[PDB]
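*Asks:* Have a look at the structure that comes next, please.
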Amino acid sequence: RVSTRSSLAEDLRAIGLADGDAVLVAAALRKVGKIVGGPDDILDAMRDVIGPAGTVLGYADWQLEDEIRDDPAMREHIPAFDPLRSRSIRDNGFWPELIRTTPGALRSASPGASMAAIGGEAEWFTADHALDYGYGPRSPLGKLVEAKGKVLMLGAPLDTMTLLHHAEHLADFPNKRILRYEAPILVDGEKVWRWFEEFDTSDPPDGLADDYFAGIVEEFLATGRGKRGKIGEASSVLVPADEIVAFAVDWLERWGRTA
Amino acid sequence: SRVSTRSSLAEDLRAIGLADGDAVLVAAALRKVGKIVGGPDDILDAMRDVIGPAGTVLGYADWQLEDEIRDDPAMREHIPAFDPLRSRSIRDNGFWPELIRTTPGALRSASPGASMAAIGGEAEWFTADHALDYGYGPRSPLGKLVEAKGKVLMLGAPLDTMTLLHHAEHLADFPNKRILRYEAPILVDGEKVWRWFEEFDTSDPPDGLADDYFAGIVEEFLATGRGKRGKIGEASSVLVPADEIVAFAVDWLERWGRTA
């Protein structure tokens, strides 16, 4: 069947979205199916279910492709990171670009961990995003747990749950990989190369698989605290950010104590 | 097999004919340009560097409607009205018009079928007072482009996608000019109100002509030496004065209707 802004609203209410919720969404918009007014009907329906006080987020990142790090003669030609002009990454899909390009949207300043938010608390999730360790508490992810937010996997593969990288920052497990890279950002309004360091989110900890987030999400849904539903034609899940992070921290700490 | 930079694209745009201050309507196929360092925005950034802050880059936006609005009924109330701020550009000619519209500081026309995204110094002038009915006539950024003696750059896109020539279809005097009538939801007094539109049909060539007959008119105009070709990145491009090819397409169409 075709999905409308009214139809998508009922599908989002059924899966467990309410007024005032702040939900981080990673979406594979192709699985949703035919929509009348395009994929904007999804975002418009969400802002109707959660209201103007609710907030919708999306993992923006940016198109850099690691050709900046050690391809000199590119350095003077790589544009600086601008949280107003830098396009979001196309790895997980068009959904982060849909939020950012929507009028009235905002975008945090940490290049690797940048989130595109829109809604009443969009000014709060994007503000004061730490550059180094951009997945820690001083990030939109940590504020999503602090605000008891939700996460909706709109047909996207479950291993793409970026929120669980915030659990990697908190989990006490031995030998985390410290990733030090150099990226160009805007310092005093001009392009300046800053040295960054964070926990390796491009590769899992030594031992686990690249998609070990998928097993953590499937284990959490087995508890019943999560909800599974369909939005249009895309089978989706909806989990609380505060519980699945604490569930993943215990998952990682339990796995790390085997030393 | 070379890569293009913001500085590299600027020097390529200067050789094709782009200069300071002038306006340029761009229909582009960004894949033909090849690898670019800072993404496709380097193309738009390079133009605004060559044309200066007073120049204006325009793009044919239209909007996503897919003609499912046409007569599919009771799907009528579910169609969001046309918003020159939130309705996205059609994706059939490429990402370029949406690249301009989503760029900060850009504006967008008000005629749904013929809407145009513009950014630059005179972005306010080109997008203003765009007539809903006959959105390709003299009261459109196409007519304002001819008035300001702008240019048209075919950045890898096929020459039959030069939208400016639709403005010449409106000006040319040839018999049996088809008329397209349709209704689409727009914004009247801040609310969605359906409106019947009347315009010269642009989705089909007039009187059994080739669907790509725009490409021939540009190819014949380029034979006069009045335009200029040149590679921008790795894409063969065509820069053409806006006023001269409209006068060329008018005489081409008027003499064609006479010969019939």
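By order of appearance in the structure tokens: chains A, B, ..., then residues from 1 within every chain, and ligands from 1 in the order shown.
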May I have the residues of chain A within 8 Å of chain B, counting only C-alpha atoms, written as a PyMOL selection string?
*Replies:* chain A and resi 4-6+36-38+63+74+77-79+84-85+101-103
*Asks:* Any chance you could list, as a VMD selection string, the residues in range 8-205 of chain A that come up strand (DSSP E) when DSSP is run on the backbone?
*Replies:* chain A and resid 22 to 27 55 to 59 106 to 107 115 to 119 150 to 154 178 to 187 190 to 199
*Asks:* Which neighbours of range 214-230 of chain A fall inside 7 Å, counting only C-alpha atoms, when residues of the same chain fewer than 4 positions from it are skipped, and could you give them as a list in words?
*Replies:*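 Final neighbour list, sorted by chain and number: residues 11, 15, 158, 159, 234, 235, 236, 237, 238, 239, 244 and 248 of chain A.
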*Asks:* With distances taken over only C-alpha atoms, which of B:133, B:191, B:169, B:160 is nearest to residue 215 in chain B?
*Replies:*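 Nearest to residue 215 in chain B: B:160.
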*Asks:* Which residue is closest to residue 163 in chain A? Choose from A:12, A:113, A:183, A:89 and count only C-alpha atoms.
*Replies:*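 Answer, going by the shortest atom-to-atom distance: A:113.
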*Asks:* Could you name the residues that touch range 123-138 of chain A at 8 Å or less, counting only C-alpha atoms, but leaving out those on the same chain fewer than 6 positions away, as a short mmCIF file (atom, residue, chain, number, x, y, z; two decimals) with N, CA and C atoms, in the first residue's frame?
*Replies:*
```cif
data_model
loop_
_atom_site.label_atom_id
_atom_site.label_comp_id
_atom_site.auth_asym_id
_atom_site.auth_seq_id
_atom_site.Cartn_x
_atom_site.Cartn_y
_atom_site.Cartn_z
N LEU A 106 19.25 22.06 12.77
CA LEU A 106 20.57 22.39 13.29
C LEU A 106 21.48 21.17 13.19
N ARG A 107 22.76 21.38 13.48
CA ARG A 107 23.76 20.35 13.26
C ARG A 107 24.94 20.61 14.18
N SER A 108 25.34 19.59 14.94
CA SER A 108 26.42 19.74 15.90
C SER A 108 27.76 19.95 15.18
N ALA A 109 28.78 20.29 15.97
CA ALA A 109 30.05 20.76 15.43
C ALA A 109 31.15 19.71 15.43
N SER A 110 30.91 18.53 16.01
CA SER A 110 31.91 17.48 15.97
C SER A 110 31.85 16.76 14.63
N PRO A 111 32.90 16.87 13.80
CA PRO A 111 32.79 16.35 12.42
C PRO A 111 32.44 14.87 12.33
N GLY A 112 33.14 14.02 13.07
CA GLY A 112 32.91 12.59 12.94
C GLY A 112 31.59 12.14 13.53
N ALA A 113 31.19 12.73 14.65
CA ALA A 113 30.00 12.31 15.38
C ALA A 113 28.84 13.28 15.23
N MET A 115 25.51 15.21 14.63
CA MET A 115 24.11 14.85 14.56
C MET A 115 23.29 16.01 14.03
N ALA A 116 22.33 15.71 13.16
CA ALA A 116 21.40 16.70 12.63
C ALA A 116 20.08 16.57 13.39
N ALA A 117 19.71 17.61 14.13
CA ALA A 117 18.52 17.60 14.95
C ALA A 117 17.53 18.66 14.47
N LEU A 144 20.77 12.29 24.70
CA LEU A 144 19.60 11.47 24.41
C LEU A 144 19.31 10.50 25.55
N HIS A 165 27.63 3.39 20.14
CA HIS A 165 28.99 3.91 20.27
C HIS A 165 29.14 4.73 21.54
N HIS A 166 28.07 5.38 21.99
CA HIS A 166 28.09 6.04 23.29
C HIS A 166 28.24 5.04 24.42
N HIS A 169 31.88 4.15 24.85
CA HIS A 169 32.65 5.15 25.58
C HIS A 169 32.56 4.95 27.08
N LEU A 170 31.43 4.43 27.57
CA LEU A 170 31.21 4.26 29.00
C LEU A 170 31.59 2.87 29.50
N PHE A 196 42.57 15.35 16.23
CA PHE A 196 41.49 14.75 17.00
C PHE A 196 41.96 13.45 17.64
N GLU A 197 41.18 13.00 18.63
CA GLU A 197 41.33 11.65 19.17
C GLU A 197 39.99 11.23 19.76
N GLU A 198 39.65 9.96 19.56
CA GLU A 198 38.37 9.42 19.99
C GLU A 198 38.50 7.91 20.10
N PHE A 199 37.42 7.26 20.52
CA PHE A 199 37.38 5.81 20.51
C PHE A 199 37.00 5.31 19.13
#
```
*Asks:* Looking at only C-alpha atoms, which of B:106, B:174, B:45, B:89 is the one that sits closest to residue 123 in chain B?
*Replies:*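 When distances to residue 123 in chain B are compared using only C-alpha atoms, the smallest one comes from B:106.
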*Asks:* Hey, can you check how far CA of residue 128 in chain B sits from CA of residue 83 in chain B?
*Replies:*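 Spanning CA of residue 128 in chain B to CA of residue 83 in chain B is a straight-line distance of 14.4 Å.
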*Asks:* I want to know what sits within 7 Å of residue 116 in chain B, based on only C-alpha atoms, with residues of the same chain fewer than 3 positions away left out; could you give that as a VMD selection string?
*Replies:* chain B and resid 58 to 62 108 to 109 127
*Asks:* Residues within 12 Å of residue 216 in chain B, please, as a VMD selection string. Count only C-alpha atoms; anything in the same chain fewer than 2 positions from it doesn't count.
*Replies:* chain B and resid 158 to 162 165 209 to 214 218 to 223 245 248 to 249 252 to 253
*Asks:* Just how far from CA of residue 11 in chain B is CA of residue 30 in chain B, in Å to one decimal?
*Replies:* 17.6 Å
*Asks:* Looking at only C-alpha atoms, which of A:206, A:10, A:172, A:44 is the one that sits closest to residue 119 in chain A?
*Replies:* A:44
*Asks:* Kindly indicate which residue among B:91, B:258, B:231, B:192 lies nearest to residue 33 in chain B, using only C-alpha atoms for the distances.
*Replies:*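 Answer, going by the shortest atom-to-atom distance: B:231.
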